[PDB]
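Colleague: Based on what follows, work out the 3D shape:
(10 chains)
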Amino acid sequence: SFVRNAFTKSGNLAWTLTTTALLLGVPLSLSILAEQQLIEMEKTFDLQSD
Amino acid sequence: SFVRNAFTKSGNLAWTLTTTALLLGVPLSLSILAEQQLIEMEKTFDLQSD
Amino acid sequence: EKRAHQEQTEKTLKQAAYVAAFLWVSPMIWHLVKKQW
Amino acid sequence: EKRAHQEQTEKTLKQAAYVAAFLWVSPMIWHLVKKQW
Amino acid sequence: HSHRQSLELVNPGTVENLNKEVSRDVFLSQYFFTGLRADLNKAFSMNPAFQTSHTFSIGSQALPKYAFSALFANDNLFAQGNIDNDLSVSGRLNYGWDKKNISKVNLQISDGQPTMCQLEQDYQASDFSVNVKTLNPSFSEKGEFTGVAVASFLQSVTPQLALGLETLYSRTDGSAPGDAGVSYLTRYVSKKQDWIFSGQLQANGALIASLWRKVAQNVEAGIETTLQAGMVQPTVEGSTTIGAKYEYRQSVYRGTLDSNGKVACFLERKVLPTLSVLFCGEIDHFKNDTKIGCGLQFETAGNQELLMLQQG
Amino acid sequence: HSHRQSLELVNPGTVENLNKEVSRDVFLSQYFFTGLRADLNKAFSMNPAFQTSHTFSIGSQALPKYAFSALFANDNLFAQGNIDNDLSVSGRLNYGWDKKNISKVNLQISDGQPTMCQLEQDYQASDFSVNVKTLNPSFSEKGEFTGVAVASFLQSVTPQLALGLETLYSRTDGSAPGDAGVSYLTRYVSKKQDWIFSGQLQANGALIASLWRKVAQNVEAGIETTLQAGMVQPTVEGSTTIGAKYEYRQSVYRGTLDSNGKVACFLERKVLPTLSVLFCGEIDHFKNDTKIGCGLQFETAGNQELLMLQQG
Amino acid sequence: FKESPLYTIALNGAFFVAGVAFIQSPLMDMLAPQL
Amino acid sequence: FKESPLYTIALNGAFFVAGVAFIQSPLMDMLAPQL
Amino acid sequence: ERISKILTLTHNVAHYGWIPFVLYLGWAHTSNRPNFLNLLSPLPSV
Amino acid sequence: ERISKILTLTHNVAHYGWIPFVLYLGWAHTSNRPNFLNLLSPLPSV
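Modeller: Numbering: from 1, shown residues only, chains lettered A, B, ... in the order given. Take a look:
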């Protein structure tokens, strides 16, 4: 059914969008997490210093 | 030359050995490094505690 | 041909039952062996 | 056919030299334009 | 039998768990995949264990494009549905009548090979474990059994040694006599339980023998071989595999070498308590071709209590 | 010319660096690979920059099985050899006669397409940059030029704008007249240098235009399009690409979206100051197929002074 | 359905213009992480 | 060159025995990291 | 006859409602009882 | 004639000794002057 065709097309589009979002966000998320963790580290070492 | 055949075979064998060693050692090396880093972390937090 | 196939299957099941009983009593015979030696 | 190909290549090089001189003097003409307005 | 009770033997593990310590623990056979694949898991309740999973696999032939899978479990009940792209439904239900007695039913439904139905009843005793399963069971007008029925029995002969057999009855169509085969299984556990040996004289003259050793709390290793057979003269096609697994508070590593020449490793970094990143690479030195695939295990929840527990 | 000197214009970058800010910085075109690949680099001296690299790439068609490559450099001299599996030699030498004048020669040698020889002389002035290169140069008995010769000139019309042309002379065999083509190049830089625009009206009616913007010290983004042309009616085959790059003290991230539908990302984690791990995954939504490859950058040294400097 | 030869160039130019506007828009700035 | 049907089983059994000995040898213990 | 009709009927019941069975079971047992839409979606609601 | 002979001769010289040229240059310039075997190998000697 044309409604069925629209449904499956929309589902495929959502799948593509989610896959692309994950592929382009996960590694950036790891990078941001690592940078903020290192910032917290440095802050902790400073707090140790004073 | 038979000497050439032996040379190329030995080179191929060394390449295979090195590739396998890297493939099976690098991830384990990262795991060991992460575990020891976390151990140092905990030690640092304890030293902070006392 | 079904005759031989059926006979073979039946004998297989009978032997399976025999070994199943063997396993059921295995600790018993092992205890007896330990007593012997 | 080589005649037309050679002529076209020569004209291409000549036009390239023309635009190269144009670029060489471009800051000059731009300064003149700025002075004008 | 009074005099027989003095032995006080321990119940051996179920037949399927015979190679668990090696096949499903220190090897990539189950964990391996290919290409990218993201796994999102949602937790809703813990005391009643309820969960909602998602999957987005691309580039893996075995894996589907998408797979929704909801898992529920309680003290005595366990269920799991698995919707798959192309509306391929997979389901499993496990119900425990008694603490030691559990009946399991698995059903995979699709357009190809419609409705493969498996039902099995598992019994565990003080010293022996018996389970019977029936694959695609049915009945026929002629009244003879149809489908495949398998019964396995495993008895611990001694505390460190357990022997058992596996009976197989198969009948494809029912018209021809249903072929039946028997396989012998053996499981040896060290007195200290440091190392475990398992042997499986499968039917058709195929031997699946494996060994397991716990080097330390973090490192355990094991090997497994196979000796499949054939006939046009006899053809024997076997492989020996050596595998080791390293587990740590932050990551789990598994490596394996194959007699076929292929080498594979599997790393799982728990970057966050929830999020876990998986890497899976393999090489094939015989043909000089490599299989590789990364992944994700995003692990969100949906309840404030669950999130508080997750954060501690 | 005295009155012309008042402008005091800045020297624009070389022609090849026209798209450096985008093509070679905020895109994966150069950094992308496939399958596993390990890169071991050895440092021997710094003031005289000397280095010894190795490569072990498997599963990448573009990459070779092995590649040894030694790089040397000094204040005014730079050389680099590159042995490749199958004894495919690649070499490059850069010699600076003057601070602003440098002559570069590149030579790739193999069994297929033997001895592709490239020599070029680069000149940089206060306001203009000119470089001329000759591909597979040679001479013929008839005396006419043989091989491909390219001359490019770029003059900064204004401090924020630079225009230049690229001349191309090619002659495959020498018997037929050597086809020659001209391309126009433009480079615009914001007064604040926050964003840079580059335009390239390549020959054969192909337009390669790109934009570059520095969002912040960590984030810079850029896009690039292409409008290649054809004839049997005209055929135009172009693609628009959007890419962004995130750089941090511990890792560098690059992402890119393609008008063709493929999506790619490139992460490089500097787990250690020496060791760096690279991940490179791409998707092709048009065909629903994925390219993926991890890597390594092991970074050992060979001198006590170098190691001390490396550790700080 | 037309898919003229000019259609490809028109689409690519539209994409280029949209991308340029986006990159130079405040939205790009908001994308860049605060930290 | 013989490559008998028995050769495959003999090779696999030899590999299995060697692996078992190795795993149960002190060498495996030395492999496990001290930390 | 009846038992073979039940075979197919129950196989269809499985095919068409096994996952809904699990979802309903979880949503009823859970004390929060999240809405169906949020429950299905892979997003945290808390 | 001579200039075309030099073309091929120098191309062969490149093919057969370009990498050795770089290696010798580095080993001479380096103050440590590591042995050839260690220099080639991808292992730290310090």
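Colleague: So residue 33: helix, strand or coil?
Modeller: Because you didn't say which chain, this covers chain A. Under the three-state scheme (DSSP: H, G, I helix; E, B strand; the rest coil), residue A:33 adopts helix.
Colleague: was after chain E, sorry
Modeller: Assignment for residue E:33 (three-state DSSP): coil.
Colleague: Report how many residues lie close to it.
Modeller: 22 (other CB atoms under 10 Å in any protein chain shown). (Each C-beta comes from the backbone N, C-alpha and C, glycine too.)
Colleague: For chain F, see how far away it is.
Modeller: When CB to the nearest CB, to the nearest Å is applied, the distance between residue E:33 and chain F equals 12 Å.
Colleague: From chain F, how far off is residue E:247?
Modeller: Summarising the geometry, the distance separating residue E:247 from chain F, computed by CB to the nearest CB, is 20 Å.
Colleague: Who does residue E:210 form a beta bridge with?
Modeller: When bridges are taken as DSSP bridges, the partners of residue E:210 come out as residue E:198, residue E:224.
Colleague: I figured it hits residue E:223, correct?
Modeller: Yes: taking contact to mean CB atoms under 8 Å, the distance of 6.5 Å between residue E:210 and residue E:223 places them in contact.
Colleague: Give the intersection of the neighbour lists for these two.
Modeller: Jointly contacting residue E:210 and residue E:223 under the rule CB atoms under 8 Å, 6 or more residues apart in numbering or on different chains are residue E:22.
Colleague: Nearest residue to the middle of chain I?
Modeller: Within chain I, the residue whose C-alpha comes closest to the C-alpha centroid is residue I:20; the distance, by CA atoms, centre = their mean, is 1.7 Å.
Colleague: Find the helix or strand that it is a member of.
Modeller: Element membership of residue I:20 [criterion: DSSP states H and E] is helix I:2-29.
Colleague: For that helix, name the packing helices and strands.
Modeller: strand E:37-45, strand E:49-57, strand E:67-73, strand E:77-84, strand E:89-95, strand E:101-109, strand E:128-139, helix I:36-40 (3 or more CB pairs under 8 Å, 6 or more residues apart in numbering or on different chains; DSSP states H and E).
Colleague: Around chain I, pick out the residues from the stretch 51-200 of chain E.
Modeller: For the stretch 51-200 of chain E, the residues found near chain I under the criterion CB under 8 Å from any CB of the partner chain are E:52, E:54, E:68, E:70-72, E:74, E:79-83, E:89, E:91, E:107, E:109, E:115, E:117, E:138-139.
Colleague: What subset of these is buried?
Modeller: Buried positions within these, assessed by neighbour count (16 or more other CB atoms under 10 Å in any protein chain shown), are E:52, E:54, E:68, E:70-72, E:79-83, E:89, E:91, E:107, E:109, E:115, E:117.
Colleague: And the residue nearest the centre of chain C, how close does it get to chain I?
Modeller: The residue lying closest to the centre of chain C (CA atoms, centre = their mean) is residue C:19, at 1.7 Å. Noted for residue C:19: a distance of 34 Å to chain I, by CB to the nearest CB.
Colleague: swap in residue E:130?
Modeller: As for residue E:130, its distance to chain I is 26 Å (criterion: CB to the nearest CB).
Colleague: got the contact list for residue 31?
Modeller: Using chain A. When contacts are counted by CB under 8 Å, 6+ apart, residue A:31 is found next to F:246, F:248, F:250-253, F:267, F:269.
Colleague: Chain G, not that one
Modeller: For residue G:31, the contact set (CB under 8 Å, 6+ apart) comprises F:215, F:219.
Colleague: Residues in a beta bridge with the closest residue to residue A:15 other than its chain neighbours, which ones?
Modeller: Distances taken as CB to CB, 6 or more residues apart in numbering or on different chains place residue E:66 nearest to residue A:15, at 6.0 Å, with adjacent residues excluded. Applying DSSP bridges to residue E:66 yields these beta-bridge partners: residue E:56.
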